[PDB]
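Now for the letters of each chain:
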Amino acid sequence: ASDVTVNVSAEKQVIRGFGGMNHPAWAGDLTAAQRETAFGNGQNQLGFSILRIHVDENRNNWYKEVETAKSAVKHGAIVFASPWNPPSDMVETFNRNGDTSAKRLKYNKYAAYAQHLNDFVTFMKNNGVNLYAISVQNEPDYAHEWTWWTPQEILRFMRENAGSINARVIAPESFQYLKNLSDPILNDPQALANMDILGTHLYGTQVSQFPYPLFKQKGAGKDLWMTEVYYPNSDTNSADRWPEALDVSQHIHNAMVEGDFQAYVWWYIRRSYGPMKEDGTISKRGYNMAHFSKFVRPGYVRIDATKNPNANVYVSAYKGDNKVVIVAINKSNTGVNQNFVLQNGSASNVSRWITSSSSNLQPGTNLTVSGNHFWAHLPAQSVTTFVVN
Ligand SMILES: O=C(O)[C@H]1O[C@H](O)[C@H](O)[C@@H](O)[C@@H]1O
Ligand SMILES: N[C@H](Cc1c[nH]c[nH+]1)C(=O)O
């Protein structure tokens, strides 16, 4: 096999959190019990530390977001918001390559759109939810069923109107991390100054497209968030399939390590293909997320670790709060013995949780670190989260 070397001193991105979407209008609100399951970090709870909500088109609907958002804040979660459409009175039809049903924001309602976003921020404040951030537009480059924005229109808004929104601003939320939508923001000093978080989705995105050299070059002091996805699919009642659900944790691993993302946010929280089943229990996909969310808390910084030490073995590591967390995924049908070497860190005890066939985030045997390393076995088709004290 191999060593896995974990360098406690080689710091990467600061983690903001993991979570999912709540959408009362389309999916139905979480119940009081489901809120606890979603945002508490006790036994059989997801420990989600981010909640995404939508900015409704009609401002009389806004009240519907309050209850679940207050519950998230109550649990320590940050809340952010994404809009699908501006209010109808701000929307026009136009000719987007032959298509004439296509909708966009009216060139004279940009200021009015910003004010609508600001008013939503103020509304949530008054109901006791300090929004961490707000998005310009969800998926402006795949808006068949909502509102299109071109790179240049996005640019104009970012230069001109984003500065007026009294919160952190997320842009542009491309459906597939298409760099063309985000490149103009990065190359423009004024629009860049009004961007606080570069947000993206990863639908159809290949792992070779996860990295972003231009962001590394220009995005100093800016966050990078993965604001929506489901993976590997939305097949009905798929959320317990094993070993398929193990793809979720592999996906998060890739976003963390290849994409350097600071937030990872699933689509609908409760859903037959989601982290939480319609009966209110955590699915195998949910336990794959929990292997991060419950242990990599906000403020933790990713650290360097041998990322692929064996065929089908994937490792990422994080530190925070006198702990080092290691997430080790085995996608093979062979159990592997792994030696974990800790550089620049003293440690004694290691606890662990395993998800595998017939076990959900279930405690394994404690291990001892002696001479800066410890051996541990990674079962076939499993994800283990180690916590090093
Ligand atoms: O992880 C496990 O269960 C076991 O496998 C490792 O290979 C290690 O050598 C053992 O000491 C440990 O108890
Ligand atoms: N508490 C810090 C790291 C941290 C954890 N959570 C936020 N910050 C430390 O290790 O001293």
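Residues numbered from 1 in each chain as written, not as in the entry; some residues may be left out. Chains lettered and ligands numbered in written order. Heavy atoms only, no water.

Per the PDB record, this model was obtained through X-ray crystallography at a reported resolution of 2.330 Å.

Caption draft 1: Representation of the overall build of the protein chain within the structure. Per the secondary structure count, the protein chain includes 9 helices and 20 strands. Computed over the C-alpha atoms, the radius of gyration of the protein chain is 21 Å, within 12% of the 21 Å expected from 2.2 N^0.38 for a compact globule of 389 residues. Projected onto its principal axes, the C-alpha coordinates of the protein chain cover approximately 65 × 45 × 40 Å. By the burial criterion, 60% of the 389 residues in the protein chain qualify as buried. Sequence separation of 24 or more characterises 75% of the internal contacts of the protein chain that already satisfy a separation of 6 or more. Summed over all atoms, the accessible surface of the protein chain reaches about 15200 Å², with 44% contributed by carbon and sulfur. (Helix = DSSP H or I, 4+ residues; strand = E, 2+ residues; numbered from the N terminus. Rg over C-alpha atoms; globule rule 2.2 N^0.38 Å. Buried < 20%, exposed > 50% of the residue type's maximum accessible area, 1.4 Å probe, protein only. Contact = heavy atoms within 4.5 Å. Areas by Shrake-Rupley, 256 points an atom, 1.4 Å probe, with all protein chains shown as cover.)

Caption draft 2: Molecular detail of the packing of helix α4 (residues 151–160) against helix α5 (residues 179–187). Where α4 contacts α5, the axes come no closer than 9 Å and their chain directions differ by 35°. You can see that α4 and α5 cross each other, and the crossing is right-handed. Facing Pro151, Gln152, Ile154, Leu155 and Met158 of α4, the residues of α5 in contact are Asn180, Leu181, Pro184 and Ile185. Taken together, the residues that form the contact of α4 with α5 break down as 7 nonpolar, 2 polar and no charged. (Axes fitted to C-alpha atoms, helices over the stretch in contact; angles between N-to-C directions. Left-handed = near helix turned anticlockwise from the far one by under 90°. Nonpolar A, V, L, I, M, F, W, Y, C, P; charged D, E, K, R; others polar.)

Caption draft 3: Quick peek at the pattern of salt bridges. All chains considered together, the criterion is met by 22 salt bridges. Taking the shortest distance from any N to any O, the salt bridge between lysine 277 and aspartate 240 comes out at 3.0 Å. You can see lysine 277 sitting in the loop between β11 (263–268) and α9 (284–293) and its partner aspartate 240 sitting in the loop between β10 (223–228) and α8 (246–257), a full 37 residues away along the chain. Taking the relative accessible area as the measure of exposure, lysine 277 reaches 24% and is therefore partly exposed. For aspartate 240, a relative accessible area of 35% translates into the label partly exposed. Linked by salt bridges that have partners in common, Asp235, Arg241, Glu244 and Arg285 make up one network. (Salt bridge = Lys/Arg side-chain N within 4 Å of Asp/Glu carboxyl O.)

Caption draft 4: How the structure looks around the site of ligand 2. Around ligand 2, a shell composed of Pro298, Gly299, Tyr300, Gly320, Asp321 and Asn322 is seen. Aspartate 321 is positioned such that a nitrogen or oxygen atom in its backbone is 3.0 Å from an oxygen atom of ligand 2. If ligand 2 stood free it would expose 300 Å²; the protein chains cover 44% of that surface. Looking at the shell around ligand 2, its residues break down into 2 nonpolar, 3 polar and 1 charged. (Near = heavy atom within 4 Å. Polar contact = N/O pair within 3.5 Å; in protein donor to acceptor, adjacent residues only side chain to side chain.)

Caption draft 5: Examining the nonpolar core more closely. The biggest cluster of nonpolar side chains holds 95 residues, and the ones touching the most others in it are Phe39, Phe120, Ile134, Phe157, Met158, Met256 and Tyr264. The leading source of residues in this core is helix α3 (residues 110–126), at 7 residues. Grouped together as the second largest cluster of nonpolar side chains are 23 residues, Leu342, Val350, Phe374 and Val388 included. (Core = buried A, V, L, I, M, F, W, Y, C linked by side-chain atoms within 4.5 Å.)

Caption draft 6: Summary view of the site of ligand 1. Taken together, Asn337, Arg352, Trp375, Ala376 and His377 make up all the residues around ligand 1. Interatomic distance of 2.9 Å between a side-chain N/O atom of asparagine 337 and an oxygen atom of ligand 1. At a separation of 2.7 Å, an oxygen atom of ligand 1 approaches a polar backbone atom of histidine 377. Coverage of ligand 1 by the protein chains reaches 53% of its 320 Å² of free accessible surface.

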